[PDB]
Amino acid sequence: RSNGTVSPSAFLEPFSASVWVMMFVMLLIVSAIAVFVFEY
Amino acid sequence: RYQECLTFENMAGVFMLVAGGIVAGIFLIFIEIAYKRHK
């Protein structure tokens, strides 16, 4: 086991599984609320 | 030997607070509409 350690990194673990969807939809909701507020 | 064992709480808890602003400024805007109409 000397050729390569191959230590896991951040990208090795799953990324943007389900939290990123929640952040994206909350960002969209906030943007829609801002547009509605600016409209009035 | 057969069995085996960041989040949204950082966003929603602020999101409603942001929504709280949407529930507070608008009426003040009307007061602002009155404010410029008061002088």
# chains A, B, ... in the order shown; residues from 1 in each chain; ligands from 1
>>> interface_residues(of="chain A", to="chain B", cutoff="8 Å", atoms="only C-alpha atoms", output="list in words")
residues 19, 22, 23, 26, 30, 33 and 37 of chain A
>>> write_last_selection(atoms="C-alpha atoms", output="PDB file, in the first residue's frame")
ATOM      1  CA  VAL A  19     -29.387  20.674   0.354  1.00  0.00           C
ATOM      2  CA  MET A  22     -33.337  23.696  -0.956  1.00  0.00           C
ATOM      3  CA  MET A  23     -30.931  26.642  -1.155  1.00  0.00           C
ATOM      4  CA  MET A  26     -35.236  29.445  -1.270  1.00  0.00           C
ATOM      5  CA  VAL A  30     -36.613  35.387  -2.126  1.00  0.00           C
ATOM      6  CA  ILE A  33     -40.656  38.179  -3.233  1.00  0.00           C
ATOM      7  CA  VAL A  37     -42.164  44.088  -3.567  1.00  0.00           C
TER       8      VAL A  37
END
>>> select_by_dssp(residues="chain B", states="helix (DSSP H, G or I)", output="JSON, numbers by chain")
{"B": [9, 10, 11, 12, 13, 14, 15, 16, 17, 18, 19, 20, 21, 22, 25, 26, 27, 28, 29, 30, 31, 32, 33, 34, 35, 36, 37]}
>>> decode(residues="chain A", atoms="C-alpha atoms", output="CSV table (one decimal), in the first residue's frame")
chain,number,residue,atom,x,y,z
A,1,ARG,CA,0.0,0.0,0.0
A,2,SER,CA,2.8,2.4,-1.0
A,3,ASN,CA,2.0,3.3,-4.6
A,4,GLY,CA,-0.8,5.7,-3.6
A,5,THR,CA,-2.7,6.7,-0.5
A,6,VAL,CA,-5.7,8.1,-2.4
A,7,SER,CA,-7.0,10.1,0.5
A,8,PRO,CA,-10.7,11.0,0.0
A,9,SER,CA,-11.4,14.7,-0.6
A,10,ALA,CA,-14.5,17.0,-0.5
A,11,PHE,CA,-15.5,16.1,-4.1
A,12,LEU,CA,-15.2,12.4,-3.3
A,13,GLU,CA,-18.1,12.6,-0.9
A,14,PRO,CA,-21.5,13.3,-2.6
A,15,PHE,CA,-22.1,17.0,-3.3
A,16,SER,CA,-25.3,19.0,-3.8
A,17,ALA,CA,-27.4,15.9,-3.1
A,18,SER,CA,-30.4,17.5,-1.6
A,19,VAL,CA,-29.4,20.7,0.4
A,20,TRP,CA,-28.4,22.6,-2.8
A,21,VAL,CA,-31.9,22.2,-4.1
A,22,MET,CA,-33.3,23.7,-1.0
A,23,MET,CA,-30.9,26.6,-1.2
A,24,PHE,CA,-31.8,27.2,-4.8
A,25,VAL,CA,-35.5,27.1,-4.3
A,26,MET,CA,-35.2,29.4,-1.3
A,27,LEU,CA,-33.1,31.8,-3.4
A,28,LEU,CA,-35.8,31.7,-6.1
A,29,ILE,CA,-38.5,32.4,-3.5
A,30,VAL,CA,-36.6,35.4,-2.1
A,31,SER,CA,-36.0,36.7,-5.6
A,32,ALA,CA,-39.7,36.4,-6.5
A,33,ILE,CA,-40.7,38.2,-3.2
A,34,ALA,CA,-38.2,41.0,-4.1
A,35,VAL,CA,-39.7,41.3,-7.6
A,36,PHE,CA,-43.2,41.5,-6.1
A,37,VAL,CA,-42.2,44.1,-3.6
A,38,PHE,CA,-40.4,46.2,-6.2
A,39,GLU,CA,-43.5,46.0,-8.4
A,40,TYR,CA,-45.7,47.7,-5.8
